[PDB]
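Chemist: My structure is stored as data_2.cif, with mmCIF, C-alpha atoms.
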data_start
loop_
_atom_site.group_PDB
_atom_site.id
_atom_site.type_symbol
_atom_site.label_atom_id
_atom_site.label_comp_id
_atom_site.auth_asym_id
_atom_site.auth_seq_id
_atom_site.Cartn_x
_atom_site.Cartn_y
_atom_site.Cartn_z
ATOM 1 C CA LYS A 37 0.000 0.000 0.000
ATOM 2 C CA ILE A 38 2.225 2.794 -1.321
ATOM 3 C CA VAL A 39 1.520 6.215 0.181
ATOM 4 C CA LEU A 40 1.803 9.160 -2.201
ATOM 5 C CA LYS A 41 2.294 12.262 -0.055
ATOM 6 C CA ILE A 42 1.118 15.564 -1.511
ATOM 7 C CA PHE A 43 1.930 18.999 -0.070
ATOM 8 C CA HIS A 44 -0.412 21.414 -1.832
ATOM 9 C CA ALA A 45 -1.711 24.975 -1.772
ATOM 10 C CA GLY A 46 -4.865 25.496 0.250
ATOM 11 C CA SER A 47 -6.670 26.728 -2.864
ATOM 12 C CA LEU A 48 -6.106 23.315 -4.466
ATOM 13 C CA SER A 49 -8.097 21.467 -1.807
ATOM 14 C CA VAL A 50 -11.297 21.061 -3.830
ATOM 15 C CA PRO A 51 -9.764 19.989 -7.150
ATOM 16 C CA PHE A 52 -6.999 17.882 -5.586
ATOM 17 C CA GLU A 53 -9.493 16.076 -3.361
ATOM 18 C CA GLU A 54 -11.156 15.013 -6.617
ATOM 19 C CA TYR A 55 -7.848 14.071 -8.262
ATOM 20 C CA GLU A 56 -7.013 11.959 -5.201
ATOM 21 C CA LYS A 57 -10.181 9.903 -5.545
ATOM 22 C CA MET A 58 -9.917 9.606 -9.327
ATOM 23 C CA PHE A 59 -6.259 8.608 -9.213
ATOM 24 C CA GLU A 60 -6.851 5.962 -6.552
ATOM 25 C CA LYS A 61 -9.588 4.436 -8.700
ATOM 26 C CA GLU A 62 -7.051 3.954 -11.504
ATOM 27 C CA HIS A 63 -4.216 2.956 -9.164
ATOM 28 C CA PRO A 64 -5.816 0.767 -6.441
ATOM 29 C CA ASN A 65 -2.411 0.079 -4.878
ATOM 30 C CA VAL A 66 -1.774 3.760 -4.151
ATOM 31 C CA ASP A 67 -2.929 5.677 -1.077
ATOM 32 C CA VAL A 68 -2.816 9.405 -1.812
ATOM 33 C CA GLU A 69 -2.406 11.498 1.333
ATOM 34 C CA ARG A 70 -2.822 15.258 1.033
ATOM 35 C CA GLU A 71 -1.536 17.963 3.372
ATOM 36 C CA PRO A 72 -2.970 21.404 2.515
ATOM 37 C CA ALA A 73 -1.055 24.529 3.552
ATOM 38 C CA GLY A 74 -0.063 27.931 2.213
ATOM 39 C CA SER A 75 2.327 27.287 -0.687
ATOM 40 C CA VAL A 76 5.297 28.979 0.969
ATOM 41 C CA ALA A 77 4.656 26.820 4.034
ATOM 42 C CA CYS A 78 4.480 23.745 1.760
ATOM 43 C CA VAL A 79 7.875 24.563 0.290
ATOM 44 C CA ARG A 80 9.277 25.222 3.767
ATOM 45 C CA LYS A 81 8.286 21.751 4.976
ATOM 46 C CA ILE A 82 10.490 20.349 2.228
ATOM 47 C CA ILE A 83 13.542 22.613 2.015
ATOM 48 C CA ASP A 84 13.861 23.566 5.702
ATOM 49 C CA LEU A 85 11.945 21.129 7.903
ATOM 50 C CA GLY A 86 13.111 17.844 6.385
ATOM 51 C CA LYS A 87 9.675 16.525 5.438
ATOM 52 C CA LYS A 88 9.349 14.169 2.468
ATOM 53 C CA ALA A 89 6.667 14.647 -0.173
ATOM 54 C CA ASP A 90 6.081 12.953 -3.520
ATOM 55 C CA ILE A 91 4.381 16.035 -4.920
ATOM 56 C CA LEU A 92 4.653 19.751 -4.204
ATOM 57 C CA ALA A 93 1.830 21.722 -5.843
ATOM 58 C CA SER A 94 2.098 25.494 -5.438
ATOM 59 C CA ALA A 95 -0.368 28.291 -6.170
ATOM 60 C CA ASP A 96 2.626 30.220 -7.544
ATOM 61 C CA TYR A 97 5.012 28.216 -9.729
ATOM 62 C CA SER A 98 7.639 30.874 -8.887
ATOM 63 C CA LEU A 99 8.402 29.266 -5.537
ATOM 64 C CA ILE A 100 9.852 26.202 -7.226
ATOM 65 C CA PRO A 101 12.701 27.833 -9.149
ATOM 66 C CA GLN A 102 13.117 30.601 -6.568
ATOM 67 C CA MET A 103 13.196 28.404 -3.444
ATOM 68 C CA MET A 104 13.517 24.721 -4.384
ATOM 69 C CA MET A 105 15.876 24.521 -7.359
ATOM 70 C CA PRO A 106 18.198 22.819 -7.685
ATOM 71 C CA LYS A 107 18.598 21.124 -4.293
ATOM 72 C CA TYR A 108 14.989 19.995 -3.806
ATOM 73 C CA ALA A 109 13.575 20.224 -7.345
ATOM 74 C CA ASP A 110 14.916 19.842 -10.892
ATOM 75 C CA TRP A 111 11.847 20.682 -12.950
ATOM 76 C CA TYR A 112 8.233 21.794 -12.758
ATOM 77 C CA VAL A 113 5.078 21.993 -14.831
ATOM 78 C CA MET A 114 2.634 24.909 -14.976
ATOM 79 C CA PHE A 115 -0.930 23.594 -14.876
ATOM 80 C CA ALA A 116 -3.523 26.159 -13.792
ATOM 81 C CA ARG A 117 -4.442 29.826 -13.465
ATOM 82 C CA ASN A 118 -6.640 31.976 -11.223
ATOM 83 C CA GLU A 119 -7.414 35.589 -10.350
ATOM 84 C CA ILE A 120 -8.049 37.545 -7.161
ATOM 85 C CA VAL A 121 -11.567 38.710 -6.258
ATOM 86 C CA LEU A 122 -13.106 40.472 -3.245
ATOM 87 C CA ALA A 123 -15.496 37.990 -1.603
ATOM 88 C CA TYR A 124 -18.241 38.681 0.936
ATOM 89 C CA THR A 125 -21.612 37.453 2.214
ATOM 90 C CA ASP A 126 -24.998 38.989 2.967
ATOM 91 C CA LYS A 127 -23.689 39.588 6.501
ATOM 92 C CA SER A 128 -20.900 41.882 5.297
ATOM 93 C CA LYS A 129 -21.253 45.597 6.031
ATOM 94 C CA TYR A 130 -22.382 47.707 3.063
ATOM 95 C CA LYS A 131 -22.676 44.613 0.860
ATOM 96 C CA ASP A 132 -25.573 46.190 -1.060
ATOM 97 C CA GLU A 133 -23.594 49.376 -1.719
ATOM 98 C CA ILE A 134 -20.213 47.997 -2.763
ATOM 99 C CA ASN A 135 -19.455 47.480 -6.450
ATOM 100 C CA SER A 136 -16.611 47.118 -8.946
ATOM 101 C CA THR A 137 -16.183 50.896 -9.034
ATOM 102 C CA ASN A 138 -16.197 51.871 -5.353
ATOM 103 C CA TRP A 139 -14.865 48.744 -3.640
ATOM 104 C CA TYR A 140 -11.611 50.236 -2.325
ATOM 105 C CA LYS A 141 -13.485 53.283 -1.021
ATOM 106 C CA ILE A 142 -15.899 51.135 0.973
ATOM 107 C CA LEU A 143 -12.976 49.123 2.371
ATOM 108 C CA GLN A 144 -11.460 52.320 3.771
ATOM 109 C CA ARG A 145 -14.380 52.852 6.136
ATOM 110 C CA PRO A 146 -13.204 52.353 9.754
ATOM 111 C CA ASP A 147 -16.002 49.902 10.584
ATOM 112 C CA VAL A 148 -15.157 47.580 7.685
ATOM 113 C CA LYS A 149 -12.806 44.714 8.531
ATOM 114 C CA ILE A 150 -10.845 43.020 5.749
ATOM 115 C CA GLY A 151 -9.238 39.614 5.585
ATOM 116 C CA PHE A 152 -6.244 38.152 3.782
ATOM 117 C CA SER A 153 -3.706 35.422 4.490
ATOM 118 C CA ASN A 154 -0.146 35.797 5.757
ATOM 119 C CA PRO A 155 2.279 36.807 2.947
ATOM 120 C CA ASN A 156 4.976 34.805 4.746
ATOM 121 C CA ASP A 157 3.123 31.523 4.244
ATOM 122 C CA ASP A 158 0.705 31.939 1.364
ATOM 123 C CA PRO A 159 0.801 33.330 -2.191
ATOM 124 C CA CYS A 160 -2.840 34.423 -1.904
ATOM 125 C CA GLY A 161 -1.607 36.564 0.969
ATOM 126 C CA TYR A 162 1.316 38.199 -0.783
ATOM 127 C CA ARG A 163 -0.728 38.556 -3.966
ATOM 128 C CA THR A 164 -3.332 40.509 -1.998
ATOM 129 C CA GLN A 165 -0.614 43.044 -1.194
ATOM 130 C CA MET A 166 0.360 43.144 -4.871
ATOM 131 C CA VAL A 167 -3.271 43.630 -5.903
ATOM 132 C CA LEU A 168 -3.756 46.581 -3.563
ATOM 133 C CA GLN A 169 -0.520 48.254 -4.661
ATOM 134 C CA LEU A 170 -1.432 47.716 -8.322
ATOM 135 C CA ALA A 171 -4.795 49.331 -7.552
ATOM 136 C CA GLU A 172 -3.038 52.643 -6.842
ATOM 137 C CA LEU A 173 -1.584 52.624 -10.341
ATOM 138 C CA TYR A 174 -4.805 51.671 -12.132
ATOM 139 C CA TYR A 175 -7.058 54.086 -10.249
ATOM 140 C CA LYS A 176 -4.353 56.763 -10.037
ATOM 141 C CA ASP A 177 -4.915 56.965 -6.281
ATOM 142 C CA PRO A 178 -1.731 56.740 -4.160
ATOM 143 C CA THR A 179 -3.659 56.371 -0.897
ATOM 144 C CA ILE A 180 -5.331 52.972 -1.305
ATOM 145 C CA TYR A 181 -2.650 50.589 -0.044
ATOM 146 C CA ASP A 182 -1.393 53.085 2.513
ATOM 147 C CA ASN A 183 -4.840 53.621 4.030
ATOM 148 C CA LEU A 184 -5.947 49.984 3.966
ATOM 149 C CA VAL A 185 -2.788 48.164 5.050
ATOM 150 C CA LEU A 186 0.318 50.278 5.646
ATOM 151 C CA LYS A 187 -1.386 52.386 8.326
ATOM 152 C CA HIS A 188 -2.662 49.173 9.928
ATOM 153 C CA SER A 189 0.430 46.956 9.851
ATOM 154 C CA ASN A 190 4.210 46.893 9.882
ATOM 155 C CA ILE A 191 4.421 46.254 6.143
ATOM 156 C CA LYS A 192 6.396 48.919 4.263
ATOM 157 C CA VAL A 193 6.933 49.890 0.638
ATOM 158 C CA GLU A 194 9.911 51.312 -1.238
ATOM 159 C CA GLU A 195 9.237 53.183 -4.470
ATOM 160 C CA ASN A 196 11.895 53.692 -7.131
ATOM 161 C CA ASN A 197 11.775 54.485 -10.853
ATOM 162 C CA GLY A 198 8.024 53.927 -11.135
ATOM 163 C CA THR A 199 8.247 50.455 -9.603
ATOM 164 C CA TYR A 200 7.298 49.260 -6.123
ATOM 165 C CA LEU A 201 8.826 46.840 -3.639
ATOM 166 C CA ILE A 202 6.597 45.672 -0.790
ATOM 167 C CA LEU A 203 8.566 44.688 2.318
ATOM 168 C CA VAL A 204 6.948 41.986 4.452
ATOM 169 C CA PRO A 205 8.597 41.460 7.872
ATOM 170 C CA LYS A 206 9.179 38.005 9.354
ATOM 171 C CA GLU A 207 6.777 38.801 12.182
ATOM 172 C CA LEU A 208 3.700 40.445 10.675
ATOM 173 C CA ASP A 209 1.861 42.738 13.079
ATOM 174 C CA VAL A 210 -1.539 44.113 12.097
ATOM 175 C CA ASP A 211 -4.293 46.160 13.711
ATOM 176 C CA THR A 212 -6.785 43.360 14.393
ATOM 177 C CA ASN A 213 -9.655 45.838 14.534
ATOM 178 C CA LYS A 214 -9.079 46.378 10.815
ATOM 179 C CA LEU A 215 -7.216 43.365 9.405
ATOM 180 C CA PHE A 216 -8.160 39.713 9.946
ATOM 181 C CA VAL A 217 -5.177 37.512 9.081
ATOM 182 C CA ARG A 218 -4.610 33.753 9.153
ATOM 183 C CA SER A 219 -1.924 31.453 7.693
ATOM 184 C CA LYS A 220 -3.616 30.454 4.427
ATOM 185 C CA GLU A 221 -6.566 31.839 2.474
ATOM 186 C CA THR A 222 -8.852 28.861 3.025
ATOM 187 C CA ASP A 223 -8.500 29.442 6.792
ATOM 188 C CA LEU A 224 -10.499 32.639 6.270
ATOM 189 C CA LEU A 225 -13.659 31.090 4.808
ATOM 190 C CA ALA A 226 -15.229 29.953 8.083
ATOM 191 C CA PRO A 227 -14.628 33.343 9.780
ATOM 192 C CA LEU A 228 -16.064 35.238 6.796
ATOM 193 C CA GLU A 229 -19.222 33.118 6.788
ATOM 194 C CA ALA A 230 -19.545 33.678 10.542
ATOM 195 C CA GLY A 231 -19.245 37.416 9.979
ATOM 196 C CA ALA A 232 -15.925 37.783 11.816
ATOM 197 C CA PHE A 233 -14.915 40.254 9.106
ATOM 198 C CA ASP A 234 -16.508 41.844 6.034
ATOM 199 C CA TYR A 235 -14.475 41.394 2.868
ATOM 200 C CA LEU A 236 -12.028 38.689 1.891
ATOM 201 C CA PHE A 237 -9.322 38.861 -0.777
ATOM 202 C CA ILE A 238 -9.174 35.372 -2.280
ATOM 203 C CA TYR A 239 -9.022 33.373 -5.521
ATOM 204 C CA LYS A 240 -12.079 33.451 -7.769
ATOM 205 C CA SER A 241 -12.021 29.647 -7.914
ATOM 206 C CA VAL A 242 -12.256 29.293 -4.133
ATOM 207 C CA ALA A 243 -15.032 31.882 -3.928
ATOM 208 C CA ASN A 244 -17.078 29.987 -6.513
ATOM 209 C CA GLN A 245 -16.349 26.635 -4.865
ATOM 210 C CA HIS A 246 -17.804 27.905 -1.586
ATOM 211 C CA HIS A 247 -20.642 29.810 -3.262
ATOM 212 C CA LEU A 248 -19.491 33.203 -2.002
ATOM 213 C CA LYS A 249 -20.590 36.481 -3.547
ATOM 214 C CA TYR A 250 -17.743 38.613 -4.866
ATOM 215 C CA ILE A 251 -16.734 41.798 -6.615
ATOM 216 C CA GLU A 252 -14.638 41.383 -9.747
ATOM 217 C CA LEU A 253 -11.423 43.400 -9.817
ATOM 218 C CA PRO A 254 -9.759 45.065 -12.843
ATOM 219 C CA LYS A 255 -7.647 42.860 -15.096
ATOM 220 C CA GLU A 256 -4.980 45.514 -14.565
ATOM 221 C CA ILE A 257 -4.699 44.453 -10.918
ATOM 222 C CA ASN A 258 -6.243 40.999 -10.355
ATOM 223 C CA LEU A 259 -3.252 38.968 -11.610
ATOM 224 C CA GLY A 260 -5.408 36.708 -13.743
ATOM 225 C CA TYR A 261 -4.336 37.717 -17.248
ATOM 226 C CA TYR A 262 -1.052 37.149 -19.080
ATOM 227 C CA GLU A 263 -1.723 40.135 -21.343
ATOM 228 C CA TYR A 264 -1.240 42.386 -18.318
ATOM 229 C CA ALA A 265 2.012 40.837 -17.083
ATOM 230 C CA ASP A 266 3.917 43.987 -18.065
ATOM 231 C CA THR A 267 1.659 46.030 -15.784
ATOM 232 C CA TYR A 268 1.786 43.533 -12.909
ATOM 233 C CA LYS A 269 5.607 43.431 -12.838
ATOM 234 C CA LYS A 270 5.751 47.076 -11.761
ATOM 235 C CA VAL A 271 5.173 45.629 -8.298
ATOM 236 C CA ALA A 272 7.232 43.067 -6.392
ATOM 237 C CA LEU A 273 7.194 41.747 -2.839
ATOM 238 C CA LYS A 274 10.094 40.788 -0.608
ATOM 239 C CA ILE A 275 9.664 38.144 2.070
ATOM 240 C CA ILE A 276 12.337 39.575 4.367
ATOM 241 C CA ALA A 277 12.575 36.370 6.405
ATOM 242 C CA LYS A 278 13.891 34.464 3.380
ATOM 243 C CA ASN A 279 15.494 37.363 1.501
ATOM 244 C CA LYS A 280 13.445 36.383 -1.549
ATOM 245 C CA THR A 281 11.754 38.874 -3.872
ATOM 246 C CA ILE A 282 8.777 37.702 -5.938
ATOM 247 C CA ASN A 283 7.431 39.749 -8.844
ATOM 248 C CA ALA A 284 3.700 40.286 -9.184
ATOM 249 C CA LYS A 285 2.742 38.219 -12.232
ATOM 250 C CA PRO A 286 -0.194 36.295 -13.731
ATOM 251 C CA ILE A 287 -1.326 33.587 -11.318
ATOM 252 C CA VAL A 288 0.075 30.282 -12.540
ATOM 253 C CA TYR A 289 0.144 27.125 -10.420
ATOM 254 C CA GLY A 290 3.212 24.905 -10.545
ATOM 255 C CA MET A 291 3.841 21.293 -9.616
ATOM 256 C CA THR A 292 6.971 19.211 -9.115
ATOM 257 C CA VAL A 293 8.238 15.928 -7.725
ATOM 258 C CA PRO A 294 10.922 16.685 -5.090
ATOM 259 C CA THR A 295 14.425 15.274 -5.555
ATOM 260 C CA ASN A 296 13.917 13.259 -2.369
ATOM 261 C CA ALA A 297 10.429 11.998 -3.230
ATOM 262 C CA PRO A 298 10.008 8.401 -1.951
ATOM 263 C CA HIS A 299 7.987 7.210 -4.963
ATOM 264 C CA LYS A 300 9.051 9.120 -8.072
ATOM 265 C CA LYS A 301 7.472 6.791 -10.640
ATOM 266 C CA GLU A 302 4.012 7.023 -9.081
ATOM 267 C CA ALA A 303 4.474 10.726 -8.367
ATOM 268 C CA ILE A 304 5.104 11.380 -12.053
ATOM 269 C CA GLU A 305 2.023 9.320 -12.923
ATOM 270 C CA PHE A 306 -0.014 11.640 -10.693
ATOM 271 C CA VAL A 307 1.448 14.754 -12.300
ATOM 272 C CA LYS A 308 0.517 13.393 -15.736
ATOM 273 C CA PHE A 309 -2.933 12.424 -14.463
ATOM 274 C CA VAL A 310 -3.597 16.012 -13.408
ATOM 275 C CA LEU A 311 -2.391 17.391 -16.740
ATOM 276 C CA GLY A 312 -4.512 14.816 -18.548
ATOM 277 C CA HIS A 313 -7.630 15.803 -16.607
ATOM 278 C CA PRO A 314 -7.991 19.613 -16.838
ATOM 279 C CA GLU A 315 -11.772 19.340 -16.491
ATOM 280 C CA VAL A 316 -11.352 18.763 -12.750
ATOM 281 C CA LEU A 317 -9.852 22.245 -12.477
ATOM 282 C CA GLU A 318 -12.270 23.889 -14.917
ATOM 283 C CA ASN A 319 -15.403 22.307 -13.449
ATOM 284 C CA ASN A 320 -14.249 23.630 -10.080
ATOM 285 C CA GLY A 321 -13.629 27.229 -11.118
ATOM 286 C CA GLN A 322 -10.004 27.213 -12.282
ATOM 287 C CA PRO A 323 -8.739 27.947 -15.805
ATOM 288 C CA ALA A 324 -6.541 24.985 -16.720
ATOM 289 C CA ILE A 325 -3.412 25.472 -18.826
#
Any chance you could give the structure as structure tokens?

Modeler:
Amino acid sequence: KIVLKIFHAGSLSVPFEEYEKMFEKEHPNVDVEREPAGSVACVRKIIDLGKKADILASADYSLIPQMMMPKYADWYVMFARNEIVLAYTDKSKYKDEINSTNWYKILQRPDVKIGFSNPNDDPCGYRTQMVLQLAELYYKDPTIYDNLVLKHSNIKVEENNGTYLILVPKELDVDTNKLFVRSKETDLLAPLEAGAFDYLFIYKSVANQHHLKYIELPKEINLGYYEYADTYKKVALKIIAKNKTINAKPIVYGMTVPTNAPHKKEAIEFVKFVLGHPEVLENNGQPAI
């Protein structure tokens, strides 16, 4: 009874749960065991904490070449896309007033609490910072990110030559009366539904999977379109703790089989299975590639 261990992004929980079941049906001798976590945390388990996985599936393919290669990974495959949206429920404050035009203005109200995951552990979290900074450029309003996050946290930004570098400290400290933060984006669903906070920055796929209402954000800032990569790259984020800088770019998921994977043959079969079954991603809200 071979155990195929998978460390995957929290946003992949729904589709990968399906892949697990489908794969096991075709390979009855394999027991797929998934461990969901923010993608940066997934990578950390492997390159720093000595944990063995057969598959590492990240919400941002970037983490593989930037953190795993070549010691823990030799290659990777890009297999899915996504975009950031602003999710909410009927319990959220001003939910019948907010729209695609005034969203960032509503979020600036003192009584509105916003949620996002920790940039140190999850791409959805660092992407949220990128999205808000990109919003200043698109709307030509230099106060958005400063008013929503900088004045409510210890995150800082350096501007030079028209580009931006967001500096995320190892120990993130936020004003909890304004910002609701947890390790990975999927950790924020339960609190949102319970009305712990009002608006949640999260992937469109996850919002649709959990039947959440959401406001669509501009293609110029939501990281979902390759045609806007030149605009996205004007912003980058540095995870100070690891001295790694990641450019804002179109959301593309990446997968690899670690160099120390216990069952490489079966791991590769799984990777191919996923690529051969894009409908699982599409039918669950994610644009396959």

Chemist: To one decimal place, how far is CA of residue 71 in chain A from CA of residue 42 in chain A in Å?

Modeler: 6.1 Å

Chemist: List every residue of range 137-194 of chain A that has an atom at most 8 Å from any atom of range 219-233 of chain A, giving for each one its closest atom pair and the distance in Å to one decimal, counting only C-alpha atoms, sorted by chain and then by ascending residue number, as a tab-separated table.

Modeler:
residue	atom	partner	partner_atom	distance
A:148	CA	A:233	CA	7.5
A:149	CA	A:233	CA	5.0
A:150	CA	A:233	CA	6.0
A:151	CA	A:233	CA	6.7
A:152	CA	A:221	CA	6.5
A:153	CA	A:220	CA	5.0
A:154	CA	A:219	CA	5.1
A:157	CA	A:219	CA	6.1
A:158	CA	A:220	CA	5.5
A:160	CA	A:221	CA	6.3
A:161	CA	A:221	CA	7.0

Chemist: Applied to this file, what does the PyMOL selection byres ((chain A and resi 97) around 8) return in terms of residues, put as an MDAnalysis selection string?

Modeler: chainID A and resid 94:96 98:101 112 114 288:291

Chemist: Deliver the residues from the most recent selection as a file, using C-alpha atoms, as a PDB file, keeping the file's coordinate frame.

Modeler:
ATOM      1  CA  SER A  94       2.098  25.494  -5.438  1.00  0.00           C
ATOM      2  CA  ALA A  95      -0.368  28.291  -6.170  1.00  0.00           C
ATOM      3  CA  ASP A  96       2.626  30.220  -7.544  1.00  0.00           C
ATOM      4  CA  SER A  98       7.639  30.874  -8.887  1.00  0.00           C
ATOM      5  CA  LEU A  99       8.402  29.266  -5.537  1.00  0.00           C
ATOM      6  CA  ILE A 100       9.852  26.202  -7.226  1.00  0.00           C
ATOM      7  CA  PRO A 101      12.701  27.833  -9.149  1.00  0.00           C
ATOM      8  CA  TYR A 112       8.233  21.794 -12.758  1.00  0.00           C
ATOM      9  CA  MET A 114       2.634  24.909 -14.976  1.00  0.00           C
ATOM     10  CA  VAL A 288       0.075  30.282 -12.540  1.00  0.00           C
ATOM     11  CA  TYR A 289       0.144  27.125 -10.420  1.00  0.00           C
ATOM     12  CA  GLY A 290       3.212  24.905 -10.545  1.00  0.00           C
ATOM     13  CA  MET A 291       3.841  21.293  -9.616  1.00  0.00           C
TER      14      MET A 291
END

Chemist: Write out as a tab-separated table the residues of range 189-248 of chain A that have any atom within 10 Å of an atom of range 166-176 of chain A, one row each with the nearest atom pair and its distance in Å to one decimal, counting all atoms listed in the file, sorted by chain and then rising number.

Modeler:
residue	atom	partner	partner_atom	distance
A:193	CA	A:169	CA	9.3
A:198	CA	A:173	CA	9.7
A:200	CA	A:169	CA	8.0
A:201	CA	A:166	CA	9.3
A:202	CA	A:166	CA	7.9
A:237	CA	A:167	CA	9.3

Chemist: Report, in Å with one decimal, the straight-line distance from CA of residue 73 in chain A to CA of residue 85 in chain A.

Modeler: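 Going from CA of residue 73 in chain A over to CA of residue 85 in chain A, I get 14.1 Å.
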
Chemist: Can you pull out the residues contacting residue 83 in chain A? Cut-off 12 Å, using only C-alpha atoms, and skip same-chain residues under 6 positions away; I want them as a CSV table (one decimal) with C-alpha atoms, in the frame of the given file.

Modeler:
chain,number,residue,atom,x,y,z
A,76,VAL,CA,5.3,29.0,1.0
A,77,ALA,CA,4.7,26.8,4.0
A,89,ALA,CA,6.7,14.6,-0.2
A,92,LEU,CA,4.7,19.8,-4.2
A,99,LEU,CA,8.4,29.3,-5.5
A,100,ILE,CA,9.9,26.2,-7.2
A,102,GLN,CA,13.1,30.6,-6.6
A,103,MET,CA,13.2,28.4,-3.4
A,104,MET,CA,13.5,24.7,-4.4
A,105,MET,CA,15.9,24.5,-7.4
A,106,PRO,CA,18.2,22.8,-7.7
A,107,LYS,CA,18.6,21.1,-4.3
A,108,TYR,CA,15.0,20.0,-3.8
A,109,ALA,CA,13.6,20.2,-7.3
A,278,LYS,CA,13.9,34.5,3.4
A,294,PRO,CA,10.9,16.7,-5.1
A,295,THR,CA,14.4,15.3,-5.6
A,296,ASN,CA,13.9,13.3,-2.4

Chemist: For residue 299 in chain A, which residue out of A:53, A:209, A:67, A:177 is the nearest one, using only C-alpha atoms?

Modeler: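 Comparing A:53, A:209, A:67, A:177 against residue 299 in chain A, the winner is A:67.
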
Chemist: Between A:271, A:123, A:40, A:212, which one has atoms that come closest to residue 59 in chain A, using only C-alpha atoms?

Modeler: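 Under the stated criterion, the closest residue is A:40.
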
Chemist: Can you work out which one of A:297, A:116, A:122, A:287 has the shortest atom-to-atom distance to residue 234 in chain A, counting all atoms listed in the file?

Modeler: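 The answer is A:122, which sits nearest to residue 234 in chain A.
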
Chemist: For the point (-5.8, 47.1, 14.6) in file coordinates, what residues are within 10 Å, counting all atoms listed in the file? Give the answer as a PDB file with C-alpha atoms, keeping the file's coordinate frame?

Modeler:
ATOM      1  CA  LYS A 149     -12.806  44.714   8.531  1.00  0.00           C
ATOM      2  CA  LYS A 187      -1.386  52.386   8.326  1.00  0.00           C
ATOM      3  CA  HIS A 188      -2.662  49.173   9.928  1.00  0.00           C
ATOM      4  CA  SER A 189       0.430  46.956   9.851  1.00  0.00           C
ATOM      5  CA  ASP A 209       1.861  42.738  13.079  1.00  0.00           C
ATOM      6  CA  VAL A 210      -1.539  44.113  12.097  1.00  0.00           C
ATOM      7  CA  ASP A 211      -4.293  46.160  13.711  1.00  0.00           C
ATOM      8  CA  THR A 212      -6.785  43.360  14.393  1.00  0.00           C
ATOM      9  CA  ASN A 213      -9.655  45.838  14.534  1.00  0.00           C
ATOM     10  CA  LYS A 214      -9.079  46.378  10.815  1.00  0.00           C
ATOM     11  CA  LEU A 215      -7.216  43.365   9.405  1.00  0.00           C
ATOM     12  CA  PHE A 216      -8.160  39.713   9.946  1.00  0.00           C
TER      13      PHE A 216
END

Chemist: Enumerate, as a tab-separated table (two decimals) with C-alpha atoms, in the frame of the given file, the residues matched when the PyMOL selection byres ((chain A and resi 126) around 10) is run on the file above.

Modeler:
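That gives us out-v9.tsv:
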chain	number	residue	atom	x	y	z
A	124	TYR	CA	-18.24	38.68	0.94
A	125	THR	CA	-21.61	37.45	2.21
A	127	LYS	CA	-23.69	39.59	6.50
A	128	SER	CA	-20.90	41.88	5.30
A	129	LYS	CA	-21.25	45.60	6.03
A	130	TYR	CA	-22.38	47.71	3.06
A	131	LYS	CA	-22.68	44.61	0.86
A	132	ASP	CA	-25.57	46.19	-1.06
A	229	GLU	CA	-19.22	33.12	6.79
A	231	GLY	CA	-19.24	37.42	9.98
A	234	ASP	CA	-16.51	41.84	6.03
A	248	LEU	CA	-19.49	33.20	-2.00
A	249	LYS	CA	-20.59	36.48	-3.55

Chemist: Of the candidates A:307, A:44, A:178, A:38, which shows the shortest atom-to-atom distance to residue 82 in chain A, using all atoms listed in the file?

Modeler: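 The answer is A:44, which sits nearest to residue 82 in chain A.
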
Chemist: With the input short on atoms, add N, CA, C and O atoms back to range 146-153 of chain A and write it as a PDB file, keeping the file's coordinate frame.

Modeler:
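What landed in selection_36.pdb:
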ATOM      1  N   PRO A 146     -13.704  52.900   8.489  1.00  0.00           N
ATOM      2  CA  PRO A 146     -13.204  52.353   9.754  1.00  0.00           C
ATOM      3  C   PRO A 146     -13.930  51.132  10.315  1.00  0.00           C
ATOM      4  O   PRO A 146     -13.311  50.288  10.965  1.00  0.00           O
ATOM      5  N   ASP A 147     -15.230  51.025  10.061  1.00  0.00           N
ATOM      6  CA  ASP A 147     -16.002  49.902  10.584  1.00  0.00           C
ATOM      7  C   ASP A 147     -15.992  48.654   9.705  1.00  0.00           C
ATOM      8  O   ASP A 147     -16.630  47.652  10.032  1.00  0.00           O
ATOM      9  N   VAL A 148     -15.253  48.710   8.603  1.00  0.00           N
ATOM     10  CA  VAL A 148     -15.157  47.580   7.685  1.00  0.00           C
ATOM     11  C   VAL A 148     -13.861  46.826   7.942  1.00  0.00           C
ATOM     12  O   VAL A 148     -12.774  47.398   7.855  1.00  0.00           O
ATOM     13  N   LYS A 149     -13.979  45.542   8.261  1.00  0.00           N
ATOM     14  CA  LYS A 149     -12.806  44.714   8.531  1.00  0.00           C
ATOM     15  C   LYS A 149     -12.495  43.856   7.305  1.00  0.00           C
ATOM     16  O   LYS A 149     -13.392  43.257   6.712  1.00  0.00           O
ATOM     17  N   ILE A 150     -11.225  43.800   6.918  1.00  0.00           N
ATOM     18  CA  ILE A 150     -10.845  43.020   5.749  1.00  0.00           C
ATOM     19  C   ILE A 150      -9.958  41.843   6.114  1.00  0.00           C
ATOM     20  O   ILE A 150      -9.213  41.890   7.092  1.00  0.00           O
ATOM     21  N   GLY A 151     -10.047  40.783   5.322  1.00  0.00           N
ATOM     22  CA  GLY A 151      -9.238  39.614   5.585  1.00  0.00           C
ATOM     23  C   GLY A 151      -8.358  39.196   4.422  1.00  0.00           C
ATOM     24  O   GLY A 151      -8.702  39.384   3.253  1.00  0.00           O
ATOM     25  N   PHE A 152      -7.192  38.660   4.762  1.00  0.00           N
ATOM     26  CA  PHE A 152      -6.244  38.152   3.782  1.00  0.00           C
ATOM     27  C   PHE A 152      -5.272  37.265   4.540  1.00  0.00           C
ATOM     28  O   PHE A 152      -5.122  37.403   5.753  1.00  0.00           O
ATOM     29  N   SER A 153      -4.635  36.337   3.838  1.00  0.00           N
ATOM     30  CA  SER A 153      -3.706  35.422   4.490  1.00  0.00           C
ATOM     31  C   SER A 153      -2.313  36.014   4.656  1.00  0.00           C
ATOM     32  O   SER A 153      -1.981  37.043   4.067  1.00  0.00           O
TER      33      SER A 153
END
